[PDB]
Each structure stands twice: as structure tokens, then as C-alpha cells.
Amino acid sequence: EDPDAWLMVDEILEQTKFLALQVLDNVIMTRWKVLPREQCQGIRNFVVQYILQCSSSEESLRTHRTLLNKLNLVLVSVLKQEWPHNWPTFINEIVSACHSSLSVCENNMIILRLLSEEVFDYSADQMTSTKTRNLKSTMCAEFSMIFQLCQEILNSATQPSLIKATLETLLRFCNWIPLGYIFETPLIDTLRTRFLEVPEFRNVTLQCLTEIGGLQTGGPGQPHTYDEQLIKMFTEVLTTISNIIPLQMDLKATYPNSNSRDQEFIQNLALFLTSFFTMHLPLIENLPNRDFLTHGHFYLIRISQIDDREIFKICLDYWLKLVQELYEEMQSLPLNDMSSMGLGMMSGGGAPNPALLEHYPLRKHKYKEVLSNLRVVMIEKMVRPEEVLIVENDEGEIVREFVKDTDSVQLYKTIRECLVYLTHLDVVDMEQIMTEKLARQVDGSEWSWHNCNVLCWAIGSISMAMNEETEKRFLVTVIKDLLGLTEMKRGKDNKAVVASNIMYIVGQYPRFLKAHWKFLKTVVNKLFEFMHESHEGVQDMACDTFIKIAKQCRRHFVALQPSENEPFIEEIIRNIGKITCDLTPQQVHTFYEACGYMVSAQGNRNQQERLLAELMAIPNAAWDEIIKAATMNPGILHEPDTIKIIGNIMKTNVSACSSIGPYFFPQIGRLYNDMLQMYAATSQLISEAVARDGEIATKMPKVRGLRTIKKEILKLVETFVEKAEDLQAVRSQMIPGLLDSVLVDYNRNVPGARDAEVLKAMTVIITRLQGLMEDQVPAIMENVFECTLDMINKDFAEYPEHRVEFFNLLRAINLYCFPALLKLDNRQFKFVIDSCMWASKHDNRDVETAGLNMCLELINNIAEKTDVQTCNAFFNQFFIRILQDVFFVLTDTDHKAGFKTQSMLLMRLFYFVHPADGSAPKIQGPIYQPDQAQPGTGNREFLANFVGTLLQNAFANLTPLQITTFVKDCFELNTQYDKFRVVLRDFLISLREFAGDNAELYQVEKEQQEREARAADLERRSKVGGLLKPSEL
């Protein structure tokens, strides 16, 4: 036990002694109770002495720096255990030690910085609600001594290392030091005058000042009001900064040509300004000079210009907070009340004419000039929107990208928000800036892909912020200019960029087009032009922009425009093939979806039928051709070409049906019969393929194709069933034939052949139809239930899709077709329960959630919707089975996520035995489990006893009385969910393994706060136009 270490440090010879030190530290961490008091005191004594020996000479210090480092680490390690108990003296000892030699003082500072790092790291995540303040107040007296130390040290020092370490320590202790002690003392003057100017001390000095500025003064008068001191600090520091940084100096170009220290300094400056402004802004506003506010914000802009993601993130956050605070002032105006006259700003959207408010005494005007710059920079720092699918790769060529980092996306949202607020503050100057940049992009030869892109992205992203009129004018100019750019600039790249931008913009402005149809027509034809170009990305974006525009402005296409002789949709239908010539099938599907929206817009039923007919003319004709061909021989069906084609037709129909909805029935009835026959055919082809080539045949491409076909058909059927309005007809006409086609086949098919999409379909049709599938339910269970289960038993993990969809199917059945469920054979029920229980016994959170949900719905339905004898027998077996399993799962370290439902489930279980209401108490289920277990009659008593027996297994450290109280708590709190689950939660927390398990148990409490948060965010955002995307409405 380290006697050999003492001898080691001296007698040896150096890696080995360090290793021994690490063993020592690891042991002290490992053990603390075992040591005898004399030996603990002794080890502290000797470690202190050995520290002292190297100290007295700076040469020895620099020579032994690593050894000193490990020594200090061991010291802080022991310190965490020993110091909180009883060691005030150490601090004073350190005070006397710094007043001994320079070196000793340095080491002391390093030590303080280390201990502070170890404790403060633990306490800075705390948010400093109540705890950090109390700790501060308790150790205030010692901290004062520490201040006298740091201050006088700062005054006496001449050695760089001393000053540096001192400042580091001061930084670490800033929050903890009494604020009054800080402010009354001329510490600030000392920091500014000597060290801030010195390059070496400058960064750390600035970080300290930043921390002081950030310091919350939650009492304006509680101790004293420190606004006056802070103002002096900010002013003088700002002046010094002005001296350090040239006005003419351009940060953007300079910054890349800089080392780590300088960049870190700029970061420190941004953090400083942002922190101070965030916490104490009105102070500078009220100042008469006004120069410092504007100068600081100008610095903020210059720094914001710099191309660095971190710095820019900081600046951006502050800018957002500022512009929100400024805007909400306008929002809180009495002028809102005069919205009726047309005056002021509506609660909705629409930026007000800036001129109307210039006569007001408002904060915004103070920043007027600054704002005019900010917008520009915000335009310059705009990023690629969600909708845009193409980007120039580093190498050169334009390419298509599916998704981007979340970090980029949230950045986009924040920047958009800022741009919107800026636009609201002054729509005119905004319009002027964007118009200028636009004119330069078109003719001014300020042209670059980057500039054009960011400008256009900014333009599109301000939709609904501007009132319809200014928006109208501006958009007219923009559209003309971009069309000009579209035809003038050539080459795949240039045209791709221009087209992309114009498509995004027109995508973002539906309302303008609604009142100005000619532009709508023009941009549509231009979309087709873009569609025919070589690059796939422009095709995709053309189709997507088209579907957006169709979605928002569907009604106009059906209507007759005064300009045109016929409805535009009619024009589209005839030329549809020519348009879709170059398209990939997905693009085609999207197209047909948009057209589907347009068809959905039609109020006239017969015309709707006609339009739908002519719309599906091509897929229907192709379908008929294929039907004839397959009718002659179904061998053609098992050909890659045919499979892919049929799949395409099906997907097209899916898109169309998805957009049109309830009025798709004329189309489907036509196709419906032949689909069933195709389904039966393909299935039969599979049965032959397997018989010839064994069960392995399913792996081969042909069978995979057949299954693909069947799946597509089913997906179409599902879609239409979702959209249906006439449930009775669907039940009568579609369902029996559908089940006739799918079920017996599904049963007879081999496991390889069986497809989960059938189960998905059953789930969907039962979900929509509800109590009309009840008659058909026995047929489904007969053909599905027994065979599917055996696919789970033999193979534990296999057929996961089948697993999830089987369970979800059962959930749908019980949830929607309960009265039908009571007819099941008793044997099947146990399997149902087993599946339900396993569903919880899995690592996947979602399927588990669904499982516990299903069990809950089950027992609830048994209680509330069933006769008492049926229910009480049901519980006679399943109450015990379920309760047991639920407890097993809850008690496990894994499956913590399920707690949210688990909590409720138990609550219900107890609810059925002893409720908290009733003049004469109402028992949901009277009789209990079979006699062989216990002949002892009584529910509550047996429940308590049994729960105790199970609980003793979990943890034996519990008193029988603890169990007793817990059970009673469970019984009385069955009425209130929150209280019950909380008590259970804390009770679980008490356990050691659960203490180390952390807290997943707070799931519900997390959910509620996010619900309210999002509701608030959406509420304030709705109050401001532009913040809501049209599609999000």
C-alpha cells in the first residue's frame, strides 16, 4: 500500500514512479473508508511536502512540470473526498504560501484552478438556480480572502506565468466571487490598464471581463445597482478595443490569414459583446452619447461578416434575440387596435408601411443605420433551403443531394426568422437592397453562382412577410429579371442554377399567382422547359415545384381564365405525354399527383369523372394492353420489364388516388376486378415456382418481382380504402372479393411466399371500416392467426416486418372490432396475450410502446365494455399473467422507456380491485385466480401479499413496512395518475442500480413541456407573417 512509493521517488534511477502515482490515485478513488486517520493525515502531509521540495526554484518548476501536474491531479482527487468534510485551513495555508515565494504562489493558483475545474464542471450544468448561489454564499468569507490574493498578486506580479495563471484562476472563480466585492474594488481598472493591452494577457483578461458582463444582477436594488459601473466598464473597454482594432481593417479577408490565438480573441470579443448586450442592453440605450451602442453593433456586424460557423452562430443568436425584442415592441402597440380601419398591423401577417411609424418614439430607430447593414450581411450569409435539391460540389459539377446535417437546417430556420423580422422592421429598405442586388446580378456583373444563389434564397424565404401589393410589384420585377437570366445565360450549370432559384421562389409564392394568372401560366411552361433539360435534379425540382404550386393554387386551373379559351387542365391533359417524355417514373408519379390535386379541385361530379378518365387514359390503356397480354399467357408477368411497368402504373394510380381522395371510385371500379385476377395469377405462379425449385425459389429475382407486383396492388387498395367516404359500398363491393382473393392464398402459401403487406391491408381496412369488418373477422383469423405464429416460434428474430404488422393488426382489431373479439377460441387468446407480452420484451422503443398500449386498451375494453362474469374470468387468468409480466419488465434495467405506459397499466390493474369512489364501492371484477394457488378468499390482501413476495426478489434492503406503505400508496392513488406514477418513479430512483441507471422515468413530464413549448412558439410565430411556411398552414 505505497510504502514502496516513498522509497521509489528517491532511491530509484522515471515512468515507473509516475505509474505508481497513478496507482495511488486510482486507489484513493477506489478506497477511502479503509484508511486509518493517522495515515490519511500523513499522506496529505507527505504529498504536500513533496510538492514543496520542487517549488522554491522556478528552474526546478519548469524541469518537473509533468510530475507537478500528476501531483496536483492526485491532490484534487483526494481533495474532493476530504475537503468538504473539514478543511478551511488549506485556503489560508495557501494564502500564506503565496506570500512565501513566486513559485509557490503559481502552484497554488494552478491548484485552485484545478479544484475549481473539477467542482465547477459539476456545478455549471446546474443552471445555478438555488444551489450555486448557496454554495457561493457559504464560502463567501474564504472567497474574499481569495480575492485579496488574486488582486494583490495581479498588482505585484512581473512574471508572465504568474500573471497568466492568476488570470486563469480569476476567470474560473468569477461567478463564485461576491458581486459587490468585485464591483466596489478597482479590479476592472487593473484588468483594463495593464493586461488587456498586453497581447499575452489580453485573451484571458477579455474572457474574464466577458464573464463579469454576463453576470446576472437578479437584484437591481437587492444589493446595489451596478448599472453605472458596468457602463464605465463597457465604454472604456470599447475605447481600448477601438484602439486595438482599426476602423478601416477588413475582418473578412484578414481572419483566414490569422493564427489560433487571434481567432480565439475574436471569438472572445463576440462572446463579450453578445453576453453584455443580452444581459444589460437598455443601459446603453438610455445613454446620451449613443456612440457606444452603434459602435459595438458595428463591431458585431464586422465580426458577423467573418466566415466561421461558430462565431456566426453566436452573432446569429444575439441578432435574433435583438430583432425579436425590437419587433415585439411594435407588436405591443395600441395601433393594433386600429387594424379595422386598415391602419396598423393585423395580428396575422403583412408588414406595415414604415413611414406610418417614424413619428413614434421607438427603440428601433436608435439602431436604424445598423439595421440597414445587418440585413445586407444576413443576405450574404444565407444558406441553401430545404426545397433546393442541387448544390455545386467542391470539384465543380452541379449535383443532387438527398439530405443535409440537422445543424445546417436549424441554422436555416434561425436565419429565415431573422430575415423575416428585419423585413417587418422596414419592408421598403429591404426591398431596395434586394432590388439593387438583383439588378446587379442581372446586369451589374456582380454575378457569381454564390451571390445569385444566396440572393434568390433570401427572396424566396421572405414569403408572406410583405403585404400583397409590395409583394406583387417586387415579384413582378424579380420574375421578369429571372426569366431574362434563364434565357440569356447558357450552359447546363448556369441554367441549372437560375432554374433552381426561380423554381424555389415561385414555389414559395402561391398567393401572388392566385391573383395574377398570366405569370402562373408562364412559370408553368418554364417548369416544363426545365423539366426537359439533361440534369436529373432540375427535373426533380420542376416536378416538386409543380406539385407545390398545384397543391396551393389548385382551384385556378379548373376555372376558366378570361385570357384563355379553355381550362388550363384540359390543355395539360392533351400534351401530357410530350411533357413527361424525359421523366423518370417517380417524377411521372409526382406529376400525376399534382394533376390529381387539380382534379380534386373540381366541384362538378360528372366533369370530375371525365377529367379523371382522360387523366388516367395512358396508364389505363397501358394497363389494358398488359391485361390482354398476360391473359394470353401469365408467363409474361414474371418478366423484369412487365413487373417494373405494372409497378409504375400502380404507383401512378397511388399518387393520383392520394391527391384526389374520395372521388377516385369511378377509376378504381374499372381496375378493381382485373387486379384481383392478376393477384390470383401471380400467387399461382409462385406456388408453381416453389414446387419446381423448392422453398429457396423465393430468393430468385422472378418470385421477388411477383411479390413486388402484389405489394404494389395492395398499396393501391390501401390508399383508396383510406380515402373512401362511402364505407357501406366499399364494404359491400370491395371487401368480400378482396378477402376472397388474398386470405386463403395467404394461408396456403409457404412462409417464404407469405407477405406482410396483407396484414398491413387488413390493419388499414379494419381501421377505416371499424365495426363493418366484424362479420369478416373470423375468416381473417382462421387464415392468418395460427400460421403466422409458427413463423415467430421457430425463428426468434426472423420476419420482423411480419412481427410488427401482426402485432399492429391485433391492436387494430381489438381497438376497432372488440365485440367481434369475444368469439375467439380460448386457446387463441393465450397466444394473443403471449405476443402482446413479448411485444414489450424488446429493445425497440416504438413497438414496445405500441405493445403496452395494446395491452392497456385490451384490459380497459374488457372492463368497460364487457359483462362482469366475462371480465372476471378474463382476469381470473390474465390479471395474474399480465401483472406478473408487467412487473418483470418494469423491474428490469432495460425497457425503462416503456415506464410511461407501464405506470398507467399497473394503476388500472389496482383500479379494478379497489377504486376510490362509490357510495357502495364498485368492484370491476369480483372473483380472482384459481383456488390451487391459494384457497384464501380476498383480492386486496392476496394482491398485497403476492406483490410483496415478488418484490422481495428485487431488493432485500427494503423493510416489510416499506412494502406495506408502497402498496397502500398504490391503492389510494389509483384515481390520480400523476401522483401515482411520480411516487413509483421516486421509489424506483431509490434503488442503487436505478440510481446509476439515470432518469428515463420522466418521459411524460418531458412530453408536456414540449407540447406547451411548441404551442407557444407556434402561437407567437403565427402572430407574425412570414414565420409560417404556407404549407405549414
# chains A, B, ... in the order shown; residues from 1 in each chain; ligands from 1
>>> residues_around(residues="residue A:348", least_positions_apart="5", cutoff="12 Å", atoms="only C-alpha atoms", output="mmCIF file with C-alpha atoms, in the first residue's frame")
data_model
loop_
_atom_site.group_PDB
_atom_site.id
_atom_site.type_symbol
_atom_site.label_atom_id
_atom_site.label_comp_id
_atom_site.auth_asym_id
_atom_site.auth_seq_id
_atom_site.Cartn_x
_atom_site.Cartn_y
_atom_site.Cartn_z
ATOM 1 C CA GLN A 331 -46.455 44.232 -31.726
ATOM 2 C CA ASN A 336 -53.044 47.087 -33.400
ATOM 3 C CA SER A 339 -56.329 47.269 -37.579
ATOM 4 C CA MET A 464 -45.994 36.289 -46.506
ATOM 5 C CA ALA A 465 -43.842 38.871 -44.709
ATOM 6 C CA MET A 466 -44.671 41.507 -47.312
ATOM 7 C CA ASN A 467 -48.213 42.716 -47.931
ATOM 8 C CA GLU A 1019 -48.562 30.948 -31.265
ATOM 9 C CA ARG A 1020 -46.036 33.808 -31.336
ATOM 10 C CA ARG A 1021 -44.881 32.760 -34.819
ATOM 11 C CA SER A 1022 -48.451 32.812 -36.133
ATOM 12 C CA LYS A 1023 -48.706 36.393 -34.876
ATOM 13 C CA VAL A 1024 -46.002 37.341 -37.383
ATOM 14 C CA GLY A 1025 -46.353 36.802 -41.117
ATOM 15 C CA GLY A 1026 -43.520 35.061 -42.912
ATOM 16 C CA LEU A 1027 -42.517 32.877 -39.988
ATOM 17 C CA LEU A 1028 -45.051 30.288 -41.106
#
>>> select_by_dssp(residues="stretch 342-529 of chain A", states="strand (DSSP E or B)", output="PyMOL selection string")
chain A and resi 390-392+398-400
>>> write_last_selection(atoms="N, CA, C and O atoms", output="PDB file, in the first residue's frame")
ATOM      1  N   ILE A 390     -30.171  20.830 -55.482  1.00  0.00           N
ATOM      2  CA  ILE A 390     -28.883  20.825 -56.168  1.00  0.00           C
ATOM      3  C   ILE A 390     -27.858  21.760 -55.537  1.00  0.00           C
ATOM      4  O   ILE A 390     -28.187  22.853 -55.076  1.00  0.00           O
ATOM      5  N   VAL A 391     -26.608  21.309 -55.516  1.00  0.00           N
ATOM      6  CA  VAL A 391     -25.512  22.113 -54.996  1.00  0.00           C
ATOM      7  C   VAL A 391     -24.264  21.856 -55.838  1.00  0.00           C
ATOM      8  O   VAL A 391     -24.105  20.771 -56.406  1.00  0.00           O
ATOM      9  N   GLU A 392     -23.406  22.864 -55.958  1.00  0.00           N
ATOM     10  CA  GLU A 392     -22.123  22.682 -56.619  1.00  0.00           C
ATOM     11  C   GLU A 392     -21.162  21.983 -55.673  1.00  0.00           C
ATOM     12  O   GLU A 392     -20.850  22.507 -54.603  1.00  0.00           O
ATOM     13  N   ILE A 398     -22.479  20.461 -60.892  1.00  0.00           N
ATOM     14  CA  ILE A 398     -23.681  20.561 -60.072  1.00  0.00           C
ATOM     15  C   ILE A 398     -24.268  19.175 -59.831  1.00  0.00           C
ATOM     16  O   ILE A 398     -24.420  18.391 -60.769  1.00  0.00           O
ATOM     17  N   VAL A 399     -24.613  18.873 -58.581  1.00  0.00           N
ATOM     18  CA  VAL A 399     -25.151  17.553 -58.259  1.00  0.00           C
ATOM     19  C   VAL A 399     -26.337  17.602 -57.300  1.00  0.00           C
ATOM     20  O   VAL A 399     -26.647  18.646 -56.719  1.00  0.00           O
ATOM     21  N   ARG A 400     -26.989  16.452 -57.145  1.00  0.00           N
ATOM     22  CA  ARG A 400     -28.184  16.310 -56.319  1.00  0.00           C
ATOM     23  C   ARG A 400     -27.872  15.652 -54.978  1.00  0.00           C
ATOM     24  O   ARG A 400     -27.205  14.618 -54.922  1.00  0.00           O
TER      25      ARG A 400
END
>>> closest_atom_pairs(of="stretch 152-264 of chain A", to="stretch 277-292 of chain A", cutoff="10 Å", atoms="only C-alpha atoms", output="CSV")
residue,atom,partner,partner_atom,distance
A:213,CA,A:279,CA,7.7
A:214,CA,A:279,CA,6.3
A:215,CA,A:279,CA,7.9
A:216,CA,A:279,CA,7.0
A:217,CA,A:279,CA,8.7
A:227,CA,A:283,CA,6.7
A:228,CA,A:283,CA,8.5
A:230,CA,A:280,CA,8.7
A:231,CA,A:284,CA,7.1
A:234,CA,A:292,CA,8.4
A:235,CA,A:292,CA,6.7
A:236,CA,A:292,CA,9.9
A:238,CA,A:292,CA,7.4
A:239,CA,A:292,CA,8.7
>>> atom_distance(atom1="atom CA of residue A:973", atom2="atom CA of residue A:899")
17.1 Å
>>> residues_around(residues="residue A:887", least_positions_apart="4", cutoff="9 Å", atoms="only C-alpha atoms", output="list in words")
residues 882, 883, 891, 892, 902, 906 and 950 of chain A
>>> write_last_selection(atoms="N, CA, C and O atoms", output="compact mmCIF listing (two decimals), in the first residue's frame")
# COMPACT_ATOMS: atom_id res chain seq x y z
N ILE A 882 -50.63 -11.10 -16.85
CA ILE A 882 -50.25 -9.73 -17.21
C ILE A 882 -49.50 -9.01 -16.10
O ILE A 882 -48.42 -8.48 -16.34
N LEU A 883 -50.08 -8.97 -14.90
CA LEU A 883 -49.46 -8.28 -13.77
C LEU A 883 -48.04 -8.77 -13.57
O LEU A 883 -47.11 -7.97 -13.42
N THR A 891 -39.24 -3.97 -13.54
CA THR A 891 -38.14 -4.17 -12.61
C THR A 891 -36.80 -4.35 -13.32
O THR A 891 -35.74 -4.31 -12.68
N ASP A 892 -36.84 -4.54 -14.63
CA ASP A 892 -35.62 -4.74 -15.41
C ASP A 892 -34.91 -3.43 -15.72
O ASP A 892 -35.56 -2.39 -15.90
N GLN A 902 -46.37 1.71 -18.67
CA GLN A 902 -46.29 0.69 -17.63
C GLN A 902 -46.98 1.22 -16.38
O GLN A 902 -47.85 0.56 -15.81
N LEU A 906 -50.38 -0.64 -14.42
CA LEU A 906 -50.47 -1.12 -13.05
C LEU A 906 -51.61 -0.40 -12.37
O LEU A 906 -52.41 -1.01 -11.67
N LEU A 950 -43.10 -11.12 -4.70
CA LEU A 950 -42.33 -10.81 -5.90
C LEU A 950 -41.27 -9.74 -5.64
O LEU A 950 -40.15 -9.83 -6.13
>>> residues_around(residues="residue A:618", least_positions_apart="3", cutoff="12 Å", atoms="only C-alpha atoms", output="ChimeraX atom specification")
/A:573-577,580,588,592,612-615,621-625,648-649,652-653
>>> select_by_dssp(residues="stretch 458-658 of chain A", states="alpha helix (DSSP H)", output="MDAnalysis selection string")
chainID A and resid 458:460 468:488 492:508 510:515 517:531 536:552 554:558 568:574 576:579 585:600 605:615 617:632 640:658
>>> closest_residue(among="A:1030, A:370, A:22, A:341", to="residue A:507", atoms="only C-alpha atoms")
A:1030
>>> closest_residue(among="A:338, A:855, A:109, A:371", to="residue A:838", atoms="only C-alpha atoms")
A:855
>>> residues_around(residues="stretch 252-268 of chain A", least_positions_apart="5", cutoff="12 Å", atoms="only C-alpha atoms", output="MDAnalysis selection string")
chainID A and resid 196 199:211 241 244:245 273:275 299:315 377
>>> residues_around(residues="residue A:583", least_positions_apart="3", cutoff="8 Å", atoms="only C-alpha atoms", output="ChimeraX atom specification")
/A:531-532,539,580,586-588
>>> write_last_selection(atoms="N, CA and C atoms", output="PDB file, in the first residue's frame")
ATOM      1  N   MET A 531     -37.870  20.935 -67.037  1.00  0.00           N
ATOM      2  CA  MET A 531     -38.134  19.506 -66.953  1.00  0.00           C
ATOM      3  C   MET A 531     -37.443  18.726 -68.063  1.00  0.00           C
ATOM      4  N   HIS A 532     -37.404  19.304 -69.260  1.00  0.00           N
ATOM      5  CA  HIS A 532     -36.790  18.604 -70.390  1.00  0.00           C
ATOM      6  C   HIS A 532     -35.253  18.627 -70.432  1.00  0.00           C
ATOM      7  N   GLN A 539     -35.134  18.266 -63.142  1.00  0.00           N
ATOM      8  CA  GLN A 539     -36.380  17.556 -63.404  1.00  0.00           C
ATOM      9  C   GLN A 539     -37.130  17.351 -62.096  1.00  0.00           C
ATOM     10  N   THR A 580     -43.959  14.563 -70.262  1.00  0.00           N
ATOM     11  CA  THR A 580     -43.399  13.514 -69.416  1.00  0.00           C
ATOM     12  C   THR A 580     -42.388  12.630 -70.142  1.00  0.00           C
ATOM     13  N   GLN A 586     -40.660   8.157 -61.065  1.00  0.00           N
ATOM     14  CA  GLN A 586     -41.036   8.863 -59.838  1.00  0.00           C
ATOM     15  C   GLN A 586     -41.529  10.277 -60.138  1.00  0.00           C
ATOM     16  N   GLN A 587     -40.811  10.953 -61.027  1.00  0.00           N
ATOM     17  CA  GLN A 587     -41.162  12.294 -61.469  1.00  0.00           C
ATOM     18  C   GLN A 587     -42.546  12.261 -62.115  1.00  0.00           C
ATOM     19  N   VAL A 588     -42.785  11.203 -62.883  1.00  0.00           N
ATOM     20  CA  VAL A 588     -44.074  10.975 -63.518  1.00  0.00           C
ATOM     21  C   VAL A 588     -45.178  10.860 -62.468  1.00  0.00           C
TER      22      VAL A 588
END
>>> residues_around(residues="residue A:56", least_positions_apart="4", cutoff="12 Å", atoms="only C-alpha atoms", output="number ranges by chain")
A: 49-52, 60-62, 97-98, 100-107
>>> write_last_selection(atoms="N, CA and C atoms", output="compact mmCIF listing (two decimals), in the first residue's frame")
# COMPACT_ATOMS: atom_id res chain seq x y z
N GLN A 49 4.51 18.02 1.30
CA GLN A 49 5.96 18.23 1.42
C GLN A 49 6.69 18.00 0.09
N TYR A 50 6.37 16.88 -0.56
CA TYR A 50 7.00 16.52 -1.81
C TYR A 50 6.67 17.55 -2.88
N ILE A 51 5.45 18.10 -2.82
CA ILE A 51 5.10 19.24 -3.65
C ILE A 51 6.04 20.42 -3.37
N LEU A 52 6.23 20.71 -2.09
CA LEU A 52 7.06 21.83 -1.65
C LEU A 52 8.51 21.76 -2.13
N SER A 60 13.51 24.45 -11.16
CA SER A 60 13.02 23.15 -10.74
C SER A 60 11.57 22.99 -11.17
N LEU A 61 10.82 24.08 -11.12
CA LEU A 61 9.43 24.07 -11.54
C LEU A 61 9.30 23.65 -12.99
N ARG A 62 9.99 24.36 -13.88
CA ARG A 62 9.89 24.12 -15.31
C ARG A 62 10.43 22.73 -15.62
N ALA A 97 1.18 30.70 1.76
CA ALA A 97 2.13 30.02 0.88
C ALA A 97 2.46 30.87 -0.34
N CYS A 98 1.49 31.66 -0.81
CA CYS A 98 1.72 32.51 -1.97
C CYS A 98 2.57 33.68 -1.53
N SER A 100 5.24 33.69 0.19
CA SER A 100 6.44 32.96 0.59
C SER A 100 7.41 33.05 -0.58
N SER A 101 6.98 32.55 -1.73
CA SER A 101 7.75 32.66 -2.96
C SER A 101 6.82 32.79 -4.16
N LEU A 102 7.37 33.25 -5.28
CA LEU A 102 6.61 33.41 -6.52
C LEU A 102 6.11 32.06 -7.00
N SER A 103 7.03 31.10 -7.00
CA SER A 103 6.78 29.75 -7.49
C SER A 103 5.63 29.08 -6.74
N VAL A 104 5.68 29.18 -5.42
CA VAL A 104 4.67 28.57 -4.56
C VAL A 104 3.32 29.17 -4.92
N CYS A 105 3.27 30.49 -5.05
CA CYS A 105 2.05 31.19 -5.42
C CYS A 105 1.49 30.67 -6.74
N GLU A 106 2.37 30.51 -7.73
CA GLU A 106 1.97 29.97 -9.03
C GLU A 106 1.31 28.60 -8.88
N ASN A 107 2.00 27.69 -8.21
CA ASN A 107 1.47 26.34 -7.99
C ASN A 107 0.11 26.40 -7.32
>>> closest_residue(among="A:970, A:817, A:889, A:345", to="residue A:916", atoms="only C-alpha atoms")
A:970
